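K.L.:
Just passing along the structure, written as C-alpha cells.
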Number of protein chains: 2
Amino acid sequence: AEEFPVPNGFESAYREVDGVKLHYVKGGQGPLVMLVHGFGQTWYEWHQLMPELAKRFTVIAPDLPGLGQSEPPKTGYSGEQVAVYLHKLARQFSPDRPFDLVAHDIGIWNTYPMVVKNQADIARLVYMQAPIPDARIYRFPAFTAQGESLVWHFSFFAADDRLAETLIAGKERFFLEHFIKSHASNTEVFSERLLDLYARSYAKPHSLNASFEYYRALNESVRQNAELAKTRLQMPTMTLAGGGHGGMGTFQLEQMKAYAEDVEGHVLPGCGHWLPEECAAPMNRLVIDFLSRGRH
Amino acid sequence: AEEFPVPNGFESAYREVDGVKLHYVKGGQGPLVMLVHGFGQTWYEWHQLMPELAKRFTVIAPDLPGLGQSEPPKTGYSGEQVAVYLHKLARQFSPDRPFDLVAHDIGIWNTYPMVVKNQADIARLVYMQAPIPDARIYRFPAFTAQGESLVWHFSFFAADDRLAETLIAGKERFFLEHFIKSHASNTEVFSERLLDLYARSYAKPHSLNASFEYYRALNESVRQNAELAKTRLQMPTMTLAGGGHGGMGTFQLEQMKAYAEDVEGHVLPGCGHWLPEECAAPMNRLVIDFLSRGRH
C-alpha cells in the first residue's frame, strides 16, 4: 500500500543498500538527478517537480532511512552515516557518470558528507532551506520579539527521554500541522488531504523516532563536518531560500559561500520553508534551468 | 485541602486581591519577607527555608496567580499586571513598613515591576535563576554544542494554538520530571515522591494553561520593562545562580548590574536551576545572612 500517489510514468520501488531496504520513486531518461526530502515529509514533496525534470533527466526520489517506506539505518543517523546509503543508492543507477543532487531541509545534512568526499560523482548541486551542520547553528536565537523562533525545534527534537515522541504520540497530525504552518508563508497549499498523508507517514512509530534521531545526531554531524569542510566544494552549486516567514533569507547563500567555490543563490520573496509546495512554480523553474545548463 | 504539607507553626490561607483569590502560607514574627516561586513549582519550593527565616521575620509565600491554589489573574499575565497582585498582597501584611523580597525563576518577572515602581516599599531584594525580561533574552541560543539549550522552552511555551498544553495534557508528570531534571545538576533530590506532588498541582487544567500564559506574555513584559528600567533599583540586592548544569552562571549578576546600584552576586558550584532543593544548605545560609543585615 503506497503512502502517497505515484505520478504517471514513475515507479515505486526498493533497493537494498548495506542491508537497509530503501524506498524510492523513479522515472525519466537521461543523466541522473537525486532529490532528497526533509523533516516532516517524504519523497512526495518532489512530486510536482519530478514530471517536469523527467523530460530531460532520470529522476530518483528516495525516502530517507526510517522515514516514508524506507527501513531505518543500521549504522546510525549522523550525516556521514546516512550519506553512505544515499551515495550508494545513486551509484546503483548512475555508475558511469556523475549525477545531480537536490536536497531540502535535513536532506542537506544527509548528503553533504558524500558530496564533499566524492566530488567527481556530483555534477551539480542544489541546496535549499537548512544550514549545513556547523558552528553557525549555535547562533540562532531560542526566542524572538515576535514569539517562537524558527529553530527551537532543534533542541526539542534532540532532547533525550524520547521527549518529542512521547509528547507528540496521539497528536501527530496536530503537531505536524502546527510545525508546517509556523514555518510557512503560504499555508493554503497544505490541504486537509496532504496534511493527512504526511501525518500518517511520520506517525508510524519507527518513523516518528527516526525523525528525531536525525536531530539527536546533529551535534555529531557538526563535529564530522568540521573535518570534512577542510575541502571546498568544486562543482556548480545553487542555493534557494525563502524570503518570507519561515525562510532562511540570505543565510543559505552566505553560508554556502564558505563551502563552495562556484555558487549562485536566490531568495524567493513571499515564500517560507516549504519551497517545493509553497512556491512550486518558481522553485521548479530555477532548479530546472540550473540543472539544464549541464548535459541532459 | 492542601496540595503540599504546611510546615509546623505555619498557616495556609487565602486573600482576595483585586477580585483574585490568592493562596499563601504564612508564619513567624517580625518584618515581612515575601518569597515568590517560579515555573513548575509552588510556594512549597520554599518550605525548608521558611522555618529558619520565621525565627527572625514574618514569612509569606504565595502561589502565583493560576498556579498552586491561587486563582488565575483577571487582568493578564504580563509582569506589570501580575506584580500588582503581589504588591497589594504584601502590603496587606506590611502596610506601614518596607518588606523584603526573594524570588526564583518567573517570580522575578512577576515582581520586578512592583519593585521598581514602589522602591520605598522594598527593603532588600534577592533574585535567583531567571533573566529579568529584556532584550538580552533574544540573544540566548536555540541549540548548543552540548545539545538542547537553557531556554528553548521560552518558544515552546509561547507558541500559539495552545501547542504546549495540547502536547503536555495527560503527560504532565512525565514532562515535569524531564524539565526539572534537565535543568538540574544535583538531580537526585527530585525523588519520585516530590515530583508527584509538583506534577499533581500543575496538572490542574487552569494551572497548566496559566503556566504557559506567563511565557505568552513575556514579550509584553520585555516592552514594559524597557520603560521601567530607565530608573535603577536603589535598595540592597543579592543575586544567586547555579554554576552547574542548568545554572545561569555569571549572567544573573552581570544583568543585575545594569538594573541595581547595590548588588552582590554568588554562583553556587554543583547546583543547577533549582537552588532551594539542589543546594539547600548554602542557598538558605546566603539568603538568611543577607536579609539579617537589616533589622529583624
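Identifiers for the C-alpha cells are assigned positionally: chains receive A, B, ... in sequence, residues are indexed from 1 per chain, and ligands are indexed from 1 in the order shown.
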Quick one: everything within 12 Å of residue 287 (chain B), counting only C-alpha atoms, minus sequence neighbours fewer than 4 positions away in the same chain. Send it as a ChimeraX atom specification.
P.N.:
/B:33,35,46,49-50,52-53,100-103,124-128,237-240,264-266,275-276,280-283,291-293
K.L.:
So that I have them on file, write out the residues from the current selection with N, CA and C atoms, as a CSV table (one decimal), in the first residue's frame.
P.N.:
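What ended up in result_13.csv:
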chain,number,residue,atom,x,y,z
B,33,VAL,N,9.0,39.2,55.0
B,33,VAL,CA,9.7,38.7,53.8
B,33,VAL,C,8.7,37.9,53.0
B,35,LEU,N,8.3,35.4,49.7
B,35,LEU,CA,9.1,34.5,48.9
B,35,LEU,C,8.2,34.1,47.7
B,46,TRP,N,9.9,26.8,48.9
B,46,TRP,CA,10.5,27.5,50.0
B,46,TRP,C,10.3,26.8,51.3
B,49,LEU,N,13.4,26.7,53.7
B,49,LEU,CA,13.9,28.0,54.1
B,49,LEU,C,13.0,28.6,55.1
B,50,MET,N,11.7,28.4,54.9
B,50,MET,CA,10.7,29.2,55.7
B,50,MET,C,10.8,29.1,57.2
B,52,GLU,N,13.4,28.6,59.0
B,52,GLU,CA,14.6,29.3,59.5
B,52,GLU,C,14.4,30.8,59.5
B,53,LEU,N,13.8,31.3,58.4
B,53,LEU,CA,13.5,32.7,58.3
B,53,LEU,C,12.5,33.2,59.3
B,100,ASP,N,10.9,42.7,52.7
B,100,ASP,CA,11.9,42.0,51.8
B,100,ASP,C,11.3,41.1,50.8
B,101,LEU,N,12.0,40.9,49.7
B,101,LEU,CA,11.5,40.1,48.6
B,101,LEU,C,12.6,39.1,48.2
B,102,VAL,N,12.2,37.8,48.0
B,102,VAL,CA,13.0,36.8,47.5
B,102,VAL,C,12.2,36.1,46.3
B,103,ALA,N,12.8,36.0,45.1
B,103,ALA,CA,12.1,35.5,44.0
B,103,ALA,C,13.0,34.6,43.2
B,124,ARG,N,15.1,45.0,51.0
B,124,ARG,CA,16.1,44.2,50.5
B,124,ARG,C,15.5,43.2,49.5
B,125,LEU,N,16.3,42.8,48.5
B,125,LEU,CA,15.9,42.1,47.4
B,125,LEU,C,16.8,40.9,47.1
B,126,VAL,N,16.3,39.7,46.8
B,126,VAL,CA,17.1,38.6,46.4
B,126,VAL,C,16.4,38.0,45.2
B,127,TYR,N,17.2,37.9,44.1
B,127,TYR,CA,16.7,37.3,42.8
B,127,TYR,C,17.6,36.1,42.4
B,128,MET,N,16.9,35.0,42.0
B,128,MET,CA,17.7,33.8,41.6
B,128,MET,C,17.2,33.2,40.4
B,237,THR,N,20.6,44.5,47.0
B,237,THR,CA,20.2,43.4,46.2
B,237,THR,C,21.3,42.3,46.2
B,238,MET,N,20.8,41.1,46.2
B,238,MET,CA,21.7,39.9,46.0
B,238,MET,C,21.1,39.0,44.9
B,239,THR,N,22.0,38.5,44.1
B,239,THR,CA,21.6,37.5,43.1
B,239,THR,C,22.3,36.2,43.4
B,240,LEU,N,21.5,35.1,43.1
B,240,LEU,CA,22.1,33.8,43.2
B,240,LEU,C,21.9,33.1,41.9
B,264,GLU,N,25.3,42.4,45.1
B,264,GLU,CA,26.3,41.3,45.2
B,264,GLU,C,25.8,40.0,44.7
B,265,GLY,N,26.6,39.2,44.1
B,265,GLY,CA,26.2,38.0,43.4
B,265,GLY,C,27.0,36.8,43.8
B,266,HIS,N,26.4,35.7,43.7
B,266,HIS,CA,27.0,34.4,44.0
B,266,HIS,C,26.6,33.4,43.0
B,275,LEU,N,17.7,25.9,43.0
B,275,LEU,CA,18.7,26.1,44.1
B,275,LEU,C,18.1,25.7,45.5
B,276,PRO,N,16.8,26.0,45.9
B,276,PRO,CA,16.3,25.7,47.2
B,276,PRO,C,16.4,24.2,47.5
B,280,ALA,N,20.3,23.3,49.2
B,280,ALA,CA,19.5,23.9,50.3
B,280,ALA,C,20.5,24.6,51.4
B,281,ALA,N,21.5,23.9,51.8
B,281,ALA,CA,22.3,24.4,52.9
B,281,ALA,C,23.0,25.7,52.5
B,282,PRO,N,23.8,25.8,51.4
B,282,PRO,CA,24.4,27.1,51.1
B,282,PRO,C,23.4,28.2,50.6
B,283,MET,N,22.3,27.8,49.9
B,283,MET,CA,21.4,28.8,49.5
B,283,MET,C,20.7,29.4,50.7
B,291,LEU,N,19.5,38.8,54.4
B,291,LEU,CA,18.3,39.5,54.9
B,291,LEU,C,18.5,40.0,56.4
B,292,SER,N,19.4,39.2,57.1
B,292,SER,CA,19.6,39.6,58.5
B,292,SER,C,20.5,40.8,58.7
B,293,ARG,N,21.1,41.3,57.6
B,293,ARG,CA,21.8,42.6,57.7
B,293,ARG,C,20.9,43.7,58.0
K.L.:
Going by DSSP on the backbone, which residues of region 245-288 of chain B come out as helix (DSSP H, G or I)? List them as number ranges by chain.
P.N.:
B: 251-256, 275-278, 280-288
K.L.:
How about saving the chosen residues, N, CA, C and O atoms kept, as a compact mmCIF listing (two decimals), in the first residue's frame?
P.N.:
# COMPACT_ATOMS: atom_id res chain seq x y z
N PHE B 251 25.64 35.19 34.23
CA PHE B 251 24.66 36.08 33.60
C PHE B 251 23.79 36.78 34.64
O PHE B 251 23.43 37.95 34.48
N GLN B 252 23.40 36.06 35.70
CA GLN B 252 22.46 36.61 36.68
C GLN B 252 22.98 37.91 37.27
O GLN B 252 22.29 38.95 37.23
N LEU B 253 24.22 37.90 37.78
CA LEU B 253 24.80 39.12 38.35
C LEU B 253 25.10 40.15 37.27
O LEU B 253 24.89 41.35 37.49
N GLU B 254 25.62 39.72 36.12
CA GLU B 254 26.02 40.71 35.13
C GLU B 254 24.82 41.48 34.58
O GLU B 254 24.92 42.70 34.36
N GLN B 255 23.68 40.82 34.39
CA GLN B 255 22.47 41.56 34.02
C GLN B 255 22.01 42.46 35.17
O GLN B 255 21.64 43.62 34.94
N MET B 256 22.04 41.96 36.41
CA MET B 256 21.52 42.76 37.52
C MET B 256 22.32 44.05 37.71
O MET B 256 21.77 45.05 38.17
N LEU B 275 17.73 25.92 43.03
CA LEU B 275 18.66 26.13 44.14
C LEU B 275 18.09 25.74 45.51
O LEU B 275 18.84 25.13 46.30
N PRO B 276 16.84 26.04 45.86
CA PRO B 276 16.35 25.69 47.21
C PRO B 276 16.36 24.19 47.49
O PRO B 276 16.49 23.79 48.65
N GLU B 277 16.27 23.37 46.46
CA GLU B 277 16.27 21.92 46.64
C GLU B 277 17.63 21.29 46.36
O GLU B 277 18.06 20.42 47.11
N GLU B 278 18.32 21.72 45.30
CA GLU B 278 19.61 21.11 44.95
C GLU B 278 20.71 21.51 45.91
O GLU B 278 21.66 20.75 46.13
N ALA B 280 20.28 23.32 49.24
CA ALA B 280 19.54 23.94 50.34
C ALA B 280 20.46 24.59 51.36
O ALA B 280 20.20 25.71 51.82
N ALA B 281 21.51 23.89 51.80
CA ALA B 281 22.33 24.44 52.88
C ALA B 281 23.02 25.74 52.48
O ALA B 281 22.85 26.74 53.18
N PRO B 282 23.77 25.81 51.37
CA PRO B 282 24.40 27.11 51.06
C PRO B 282 23.41 28.17 50.65
O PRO B 282 23.60 29.34 51.00
N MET B 283 22.34 27.81 49.92
CA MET B 283 21.39 28.84 49.49
C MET B 283 20.66 29.42 50.68
O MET B 283 20.52 30.65 50.80
N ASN B 284 20.17 28.56 51.58
CA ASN B 284 19.48 29.07 52.76
C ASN B 284 20.38 29.99 53.57
O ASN B 284 19.94 31.04 54.05
N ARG B 285 21.64 29.60 53.75
CA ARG B 285 22.57 30.42 54.52
C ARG B 285 22.77 31.79 53.86
O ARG B 285 22.76 32.82 54.55
N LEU B 286 22.95 31.81 52.54
CA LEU B 286 23.18 33.09 51.87
C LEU B 286 21.99 34.01 52.03
O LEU B 286 22.15 35.21 52.30
N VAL B 287 20.78 33.46 51.92
CA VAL B 287 19.57 34.29 51.99
C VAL B 287 19.35 34.79 53.41
O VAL B 287 19.08 35.98 53.63
N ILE B 288 19.45 33.89 54.40
CA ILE B 288 19.24 34.30 55.79
C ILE B 288 20.25 35.37 56.19
O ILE B 288 19.89 36.38 56.81
K.L.:
I'd like the contact shell of residue 260 (chain B) - 7 Å cut-off, only C-alpha atoms, skipping same-chain residues fewer than 4 positions apart - returned as a PDB file with N, CA, C and O atoms, in the first residue's frame.
P.N.:
ATOM      1  N   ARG B 232      17.062  52.934  37.953  1.00  0.00           N
ATOM      2  CA  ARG B 232      17.743  51.811  38.586  1.00  0.00           C
ATOM      3  C   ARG B 232      17.210  51.548  39.989  1.00  0.00           C
ATOM      4  O   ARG B 232      16.706  52.447  40.668  1.00  0.00           O
ATOM      5  N   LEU B 233      17.360  50.297  40.427  1.00  0.00           N
ATOM      6  CA  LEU B 233      16.980  49.911  41.781  1.00  0.00           C
ATOM      7  C   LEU B 233      18.005  50.430  42.780  1.00  0.00           C
ATOM      8  O   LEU B 233      19.212  50.318  42.553  1.00  0.00           O
ATOM      9  N   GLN B 234      17.523  51.002  43.890  1.00  0.00           N
ATOM     10  CA  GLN B 234      18.390  51.664  44.856  1.00  0.00           C
ATOM     11  C   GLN B 234      18.623  50.862  46.134  1.00  0.00           C
ATOM     12  O   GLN B 234      19.515  51.224  46.912  1.00  0.00           O
ATOM     13  N   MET B 256      22.041  41.958  36.414  1.00  0.00           N
ATOM     14  CA  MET B 256      21.524  42.764  37.519  1.00  0.00           C
ATOM     15  C   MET B 256      22.317  44.052  37.705  1.00  0.00           C
ATOM     16  O   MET B 256      21.767  45.054  38.171  1.00  0.00           O
TER      17      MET B 256
END
K.L.:
Which residue gives the smallest distance to chain B among A:289, A:45, A:196, A:148, with only C-alpha atoms counted?
P.N.:
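Of all the options, A:148 lies closest to chain B.
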K.L.:
Could the residues of chain B that have an atom at most 12 Å from chain A be listed as a Markdown table, each with its closest atom pair and the distance in Å to one decimal, counting only C-alpha atoms and ordered by chain and ascending residue number?
P.N.:
| residue | atom | partner | partner_atom | distance |
| --- | --- | --- | --- | --- |
| B:133 | CA | A:145 | CA | 11.2 |
| B:134 | CA | A:145 | CA | 9.9 |
| B:135 | CA | A:145 | CA | 8.2 |
| B:136 | CA | A:143 | CA | 10.4 |
| B:137 | CA | A:143 | CA | 7.2 |
| B:138 | CA | A:144 | CA | 5.4 |
| B:139 | CA | A:141 | CA | 5.8 |
| B:140 | CA | A:141 | CA | 5.7 |
| B:141 | CA | A:141 | CA | 4.5 |
| B:142 | CA | A:142 | CA | 3.6 |
| B:143 | CA | A:138 | CA | 5.6 |
| B:144 | CA | A:138 | CA | 5.5 |
| B:145 | CA | A:219 | CA | 6.3 |
| B:146 | CA | A:219 | CA | 7.6 |
| B:147 | CA | A:155 | CA | 6.8 |
| B:148 | CA | A:155 | CA | 4.2 |
| B:149 | CA | A:155 | CA | 6.4 |
| B:150 | CA | A:142 | CA | 8.9 |
| B:151 | CA | A:142 | CA | 6.4 |
| B:152 | CA | A:142 | CA | 5.0 |
| B:153 | CA | A:152 | CA | 8.1 |
| B:154 | CA | A:143 | CA | 6.2 |
| B:155 | CA | A:148 | CA | 4.2 |
| B:156 | CA | A:148 | CA | 6.9 |
| B:157 | CA | A:148 | CA | 8.6 |
| B:158 | CA | A:148 | CA | 6.3 |
| B:159 | CA | A:148 | CA | 5.6 |
| B:160 | CA | A:148 | CA | 8.5 |
| B:161 | CA | A:178 | CA | 7.7 |
| B:162 | CA | A:178 | CA | 10.1 |
| B:163 | CA | A:175 | CA | 7.7 |
| B:164 | CA | A:167 | CA | 9.3 |
| B:165 | CA | A:167 | CA | 10.3 |
| B:166 | CA | A:171 | CA | 8.1 |
| B:167 | CA | A:167 | CA | 5.3 |
| B:168 | CA | A:167 | CA | 6.2 |
| B:169 | CA | A:167 | CA | 8.9 |
| B:170 | CA | A:167 | CA | 9.3 |
| B:171 | CA | A:167 | CA | 7.1 |
| B:172 | CA | A:167 | CA | 9.6 |
| B:173 | CA | A:167 | CA | 11.6 |
| B:174 | CA | A:166 | CA | 8.7 |
| B:175 | CA | A:163 | CA | 7.7 |
| B:176 | CA | A:163 | CA | 11.0 |
| B:177 | CA | A:161 | CA | 10.1 |
| B:178 | CA | A:161 | CA | 7.3 |
| B:179 | CA | A:163 | CA | 9.8 |
| B:181 | CA | A:161 | CA | 10.9 |
| B:182 | CA | A:159 | CA | 9.1 |
| B:215 | CA | A:147 | CA | 9.4 |
| B:216 | CA | A:147 | CA | 7.9 |
| B:217 | CA | A:147 | CA | 9.7 |
| B:218 | CA | A:147 | CA | 8.8 |
| B:219 | CA | A:145 | CA | 6.0 |
| B:220 | CA | A:145 | CA | 9.1 |
| B:221 | CA | A:145 | CA | 10.9 |
| B:222 | CA | A:145 | CA | 8.6 |
| B:223 | CA | A:145 | CA | 9.4 |
K.L.:
Go ahead and save the residues from that selection, with C-alpha atoms, as an mmCIF file, in the first residue's frame.
P.N.:
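Contents of result.cif, as written:
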data_model
loop_
_atom_site.group_PDB
_atom_site.id
_atom_site.type_symbol
_atom_site.label_atom_id
_atom_site.label_comp_id
_atom_site.auth_asym_id
_atom_site.auth_seq_id
_atom_site.Cartn_x
_atom_site.Cartn_y
_atom_site.Cartn_z
ATOM 1 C CA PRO B 133 12.690 40.240 30.871
ATOM 2 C CA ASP B 134 14.594 42.478 28.450
ATOM 3 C CA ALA B 135 16.271 42.338 25.033
ATOM 4 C CA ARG B 136 19.050 40.079 26.377
ATOM 5 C CA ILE B 137 16.665 37.123 26.222
ATOM 6 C CA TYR B 138 16.646 37.371 22.418
ATOM 7 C CA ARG B 139 20.360 36.503 22.394
ATOM 8 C CA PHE B 140 20.126 33.104 24.078
ATOM 9 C CA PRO B 141 20.855 30.271 21.613
ATOM 10 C CA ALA B 142 18.261 27.799 20.402
ATOM 11 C CA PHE B 143 20.783 24.923 20.319
ATOM 12 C CA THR B 144 24.225 24.361 21.855
ATOM 13 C CA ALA B 145 27.362 22.322 21.203
ATOM 14 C CA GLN B 146 26.363 20.227 24.238
ATOM 15 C CA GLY B 147 22.796 19.731 22.997
ATOM 16 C CA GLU B 148 19.463 21.249 23.987
ATOM 17 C CA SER B 149 19.724 24.829 25.232
ATOM 18 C CA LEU B 150 18.721 26.670 28.702
ATOM 19 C CA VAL B 151 15.684 28.423 27.278
ATOM 20 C CA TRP B 152 14.256 26.789 24.160
ATOM 21 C CA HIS B 153 11.201 26.273 26.383
ATOM 22 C CA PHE B 154 10.550 30.030 26.011
ATOM 23 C CA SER B 155 9.443 29.379 22.424
ATOM 24 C CA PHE B 156 7.695 26.061 23.153
ATOM 25 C CA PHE B 157 5.589 27.601 25.921
ATOM 26 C CA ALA B 158 4.866 30.814 23.985
ATOM 27 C CA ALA B 159 3.790 29.041 20.767
ATOM 28 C CA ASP B 160 0.217 29.665 19.658
ATOM 29 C CA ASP B 161 -2.541 27.074 19.031
ATOM 30 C CA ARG B 162 -2.072 26.053 22.714
ATOM 31 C CA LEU B 163 0.777 23.890 21.439
ATOM 32 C CA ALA B 164 2.312 23.196 24.868
ATOM 33 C CA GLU B 165 -0.945 22.374 26.711
ATOM 34 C CA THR B 166 -2.144 20.213 23.837
ATOM 35 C CA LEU B 167 1.042 18.141 23.827
ATOM 36 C CA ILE B 168 1.568 18.011 27.592
ATOM 37 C CA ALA B 169 -2.005 17.354 28.796
ATOM 38 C CA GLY B 170 -2.162 13.788 30.090
ATOM 39 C CA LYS B 171 1.661 13.646 30.163
ATOM 40 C CA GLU B 172 2.235 16.276 32.862
ATOM 41 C CA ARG B 173 4.148 14.055 35.283
ATOM 42 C CA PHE B 174 6.451 12.787 32.513
ATOM 43 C CA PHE B 175 7.093 16.282 31.179
ATOM 44 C CA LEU B 176 7.784 17.879 34.560
ATOM 45 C CA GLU B 177 10.323 15.238 35.582
ATOM 46 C CA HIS B 178 12.164 15.751 32.300
ATOM 47 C CA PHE B 179 12.024 19.548 32.585
ATOM 48 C CA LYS B 181 15.996 17.080 35.834
ATOM 49 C CA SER B 182 17.251 18.538 32.525
ATOM 50 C CA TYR B 215 5.527 32.894 28.621
ATOM 51 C CA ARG B 216 2.904 34.085 26.127
ATOM 52 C CA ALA B 217 3.132 37.466 27.923
ATOM 53 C CA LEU B 218 6.945 37.522 28.013
ATOM 54 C CA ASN B 219 7.360 39.859 25.025
ATOM 55 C CA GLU B 220 4.847 42.237 26.585
ATOM 56 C CA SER B 221 6.862 42.112 29.824
ATOM 57 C CA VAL B 222 10.004 42.970 27.843
ATOM 58 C CA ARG B 223 8.235 46.000 26.343
#
K.L.:
Quick check, in Å to one decimal: how far apart do CA of residue 262 (chain A) and CA of residue 242 (chain A) lie?
P.N.:
21.0 Å
K.L.:
Out of B:199, B:48, B:241, B:132, which residue has the shortest atom-to-atom distance to residue 229 (chain B) when counting only C-alpha atoms?
P.N.:
B:132
K.L.:
If you run DSSP on the backbone, which residues of region 11-228 of chain A are strand (DSSP E or B), as JSON, numbers by chain?
P.N.:
{"A": [11, 12, 13, 14, 15, 16, 17, 20, 21, 22, 23, 24, 25, 26, 27, 28, 32, 33, 34, 35, 36, 58, 59, 60, 61, 62, 99, 100, 101, 102, 103, 104, 122, 123, 124, 125, 126, 127, 128, 141, 143, 144, 147, 148]}
K.L.:
Can you write out the residues you just picked, keeping C-alpha atoms, as a CSV table (one decimal), in the first residue's frame?
P.N.:
chain,number,residue,atom,x,y,z
A,11,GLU,CA,7.6,3.6,-10.5
A,12,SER,CA,7.7,3.0,-6.7
A,13,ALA,CA,10.5,0.5,-5.9
A,14,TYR,CA,13.0,-0.7,-3.4
A,15,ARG,CA,16.8,-1.4,-3.3
A,16,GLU,CA,18.8,-3.0,-0.6
A,17,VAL,CA,21.8,-0.8,0.4
A,20,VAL,CA,18.9,-1.5,4.6
A,21,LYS,CA,15.9,-1.6,2.3
A,22,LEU,CA,15.4,1.9,0.8
A,23,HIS,CA,12.2,3.0,-0.9
A,24,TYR,CA,12.3,5.4,-3.9
A,25,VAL,CA,10.2,6.7,-6.8
A,26,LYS,CA,11.9,6.8,-10.2
A,27,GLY,CA,11.1,8.0,-13.7
A,28,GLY,CA,12.5,9.6,-16.8
A,32,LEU,CA,20.5,11.1,-13.0
A,33,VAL,CA,19.1,13.6,-10.6
A,34,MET,CA,18.6,12.6,-7.0
A,35,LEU,CA,16.0,14.6,-4.9
A,36,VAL,CA,16.3,14.3,-1.1
A,58,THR,CA,16.3,10.3,-14.9
A,59,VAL,CA,14.8,11.3,-11.6
A,60,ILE,CA,15.1,9.4,-8.3
A,61,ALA,CA,13.5,10.5,-5.1
A,62,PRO,CA,14.3,8.2,-2.1
A,99,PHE,CA,24.8,12.8,-11.0
A,100,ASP,CA,23.0,15.9,-9.9
A,101,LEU,CA,21.7,16.3,-6.3
A,102,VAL,CA,18.9,18.5,-5.0
A,103,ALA,CA,18.2,18.5,-1.3
A,104,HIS,CA,15.8,20.2,1.1
A,122,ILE,CA,28.5,15.1,-8.3
A,123,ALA,CA,27.8,17.1,-11.4
A,124,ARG,CA,25.7,19.9,-10.0
A,125,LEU,CA,24.3,20.6,-6.5
A,126,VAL,CA,21.1,22.4,-5.3
A,127,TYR,CA,20.6,23.0,-1.6
A,128,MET,CA,17.5,24.7,0.0
A,141,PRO,CA,18.1,32.5,18.8
A,143,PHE,CA,13.2,33.1,21.3
A,144,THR,CA,12.3,36.3,19.3
A,147,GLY,CA,7.3,34.9,19.6
A,148,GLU,CA,8.5,31.4,18.9
K.L.:
Skip residue 5 (chain B) itself and residues of its chain fewer than 2 positions away, then list as a list in words all residues within 12 Å of it, counting only C-alpha atoms.
P.N.:
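Residues meeting the cut-off are residues 1, 2, 3, 7, 8, 9, 10, 11, 12, 25, 42, 43, 44, 45, 46, 47, 48, 194, 197 and 198 of chain B.
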K.L.:
Filtering to N, CA and C atoms, could you give me those residues as an mmCIF file, in the first residue's frame?
P.N.:
data_model
loop_
_atom_site.group_PDB
_atom_site.id
_atom_site.type_symbol
_atom_site.label_atom_id
_atom_site.label_comp_id
_atom_site.auth_asym_id
_atom_site.auth_seq_id
_atom_site.Cartn_x
_atom_site.Cartn_y
_atom_site.Cartn_z
ATOM 1 N N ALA B 1 -8.482 21.636 51.414
ATOM 2 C CA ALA B 1 -7.407 20.725 51.032
ATOM 3 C C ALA B 1 -6.095 21.482 50.834
ATOM 4 N N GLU B 2 -4.980 20.783 51.025
ATOM 5 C CA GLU B 2 -3.650 21.353 50.861
ATOM 6 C C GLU B 2 -2.876 20.486 49.880
ATOM 7 N N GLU B 3 -2.372 21.103 48.807
ATOM 8 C CA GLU B 3 -1.602 20.353 47.824
ATOM 9 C C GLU B 3 -0.243 19.933 48.367
ATOM 10 N N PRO B 7 4.503 23.609 56.825
ATOM 11 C CA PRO B 7 5.436 23.403 57.940
ATOM 12 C C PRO B 7 4.771 23.708 59.273
ATOM 13 N N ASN B 8 5.227 23.005 60.307
ATOM 14 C CA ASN B 8 4.696 23.196 61.649
ATOM 15 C C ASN B 8 4.785 24.659 62.062
ATOM 16 N N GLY B 9 3.686 25.185 62.599
ATOM 17 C CA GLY B 9 3.643 26.573 63.012
ATOM 18 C C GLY B 9 3.292 27.566 61.924
ATOM 19 N N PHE B 10 3.080 27.115 60.695
ATOM 20 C CA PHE B 10 2.641 27.993 59.622
ATOM 21 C C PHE B 10 1.153 27.787 59.368
ATOM 22 N N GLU B 11 0.537 28.772 58.720
ATOM 23 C CA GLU B 11 -0.866 28.689 58.346
ATOM 24 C C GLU B 11 -1.002 28.789 56.832
ATOM 25 N N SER B 12 -1.912 27.998 56.276
ATOM 26 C CA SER B 12 -2.296 28.105 54.875
ATOM 27 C C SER B 12 -3.603 28.889 54.803
ATOM 28 N N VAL B 25 1.114 30.783 52.280
ATOM 29 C CA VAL B 25 1.487 30.150 53.539
ATOM 30 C C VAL B 25 2.282 31.173 54.333
ATOM 31 N N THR B 42 5.526 25.694 43.302
ATOM 32 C CA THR B 42 4.560 26.449 44.086
ATOM 33 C C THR B 42 5.305 27.031 45.283
ATOM 34 N N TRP B 43 4.551 27.596 46.233
ATOM 35 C CA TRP B 43 5.141 28.055 47.493
ATOM 36 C C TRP B 43 6.039 26.998 48.133
ATOM 37 N N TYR B 44 5.741 25.719 47.898
ATOM 38 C CA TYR B 44 6.420 24.635 48.589
ATOM 39 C C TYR B 44 7.910 24.603 48.296
ATOM 40 N N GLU B 45 8.368 25.188 47.183
ATOM 41 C CA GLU B 45 9.816 25.179 46.975
ATOM 42 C C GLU B 45 10.563 25.886 48.105
ATOM 43 N N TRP B 46 9.892 26.764 48.851
ATOM 44 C CA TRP B 46 10.481 27.497 49.967
ATOM 45 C C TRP B 46 10.343 26.795 51.312
ATOM 46 N N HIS B 47 9.795 25.573 51.370
ATOM 47 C CA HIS B 47 9.354 25.056 52.669
ATOM 48 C C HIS B 47 10.504 24.733 53.622
ATOM 49 N N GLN B 48 11.732 24.556 53.124
ATOM 50 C CA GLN B 48 12.858 24.317 54.026
ATOM 51 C C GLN B 48 13.485 25.610 54.518
ATOM 52 N N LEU B 194 8.500 13.649 45.501
ATOM 53 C CA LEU B 194 8.449 15.100 45.345
ATOM 54 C C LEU B 194 7.918 15.494 43.968
ATOM 55 N N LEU B 197 4.153 15.352 43.808
ATOM 56 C CA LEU B 197 3.469 16.494 44.420
ATOM 57 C C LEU B 197 3.415 17.679 43.471
ATOM 58 N N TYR B 198 4.555 18.027 42.867
ATOM 59 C CA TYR B 198 4.560 19.165 41.957
ATOM 60 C C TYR B 198 3.722 18.891 40.719
#
